[PDB]
Amino acid sequence: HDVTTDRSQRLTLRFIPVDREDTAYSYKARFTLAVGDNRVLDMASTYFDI
Amino acid sequence: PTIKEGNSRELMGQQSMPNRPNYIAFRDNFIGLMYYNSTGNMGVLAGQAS
Numbered sequence: 054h055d056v057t058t059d060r061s062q063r064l065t066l067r068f069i070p071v072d073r074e075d076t077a078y079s080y081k082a083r084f085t086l087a088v089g090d091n092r093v094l095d096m097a098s099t100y101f102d103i
Numbered sequence: 304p305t306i307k308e309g310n311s312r313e314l315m316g317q318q319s320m321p322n323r324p325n326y327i328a329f330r331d332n333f334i335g336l337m338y339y340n341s342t343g344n345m346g347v348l349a350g351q352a353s
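Line by line, the protein sequences give chains J and C.
The first sequence begins at 54 in PDB author numbering and counts up one residue at a time.
The second sequence begins at 304 in PDB author numbering and counts up one residue at a time.
Set out below in structure tokens:
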């Protein structure tokens, strides 16, 4: 009981950037993501689905 | 009665008759646009964080 979650939590967050910018070479996106108030997030598992 | 081009004797006995009607309209609620029930093109419709 002193380990992994028992309450409901989704493993992944299928997030979409708010604003878009396309130009000659760049494909800019300013995504506004806040990490959940208790839960943590790993950077090696973070990617982009294009 | 005749295969001949434009007009020939027996095409004086020729008759005209109206076309069958086809009302290009929409349904009792016009639903057929949004994928409400379809498992493929369904909507997530979630939050800015969750």
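Note that the Cβ used here is the ideal one computed from N, Cα and C, for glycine as well.
Coarse secondary structure for residue i, derived from DSSP in three states
i, result
"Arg-83(J)", "strand"
"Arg-73(J)", "strand"
"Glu-313(C)", "helix"
Residue i and residue j closer than 8 Å at C-beta
i, j, result
"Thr-85(J)", "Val-71(J)", "yes"
"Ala-352(C)", "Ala-87(J)", "yes"
"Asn-332(C)", "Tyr-338(C)", "no"
"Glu-313(C)", "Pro-304(C)", "yes"
Heavy atom of the ligand NAD within 7 Å of residue i beta-carbon
i, result
"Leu-86(J)", "The model on display carries no ligand, and the ligand NAD is accordingly not part of it."
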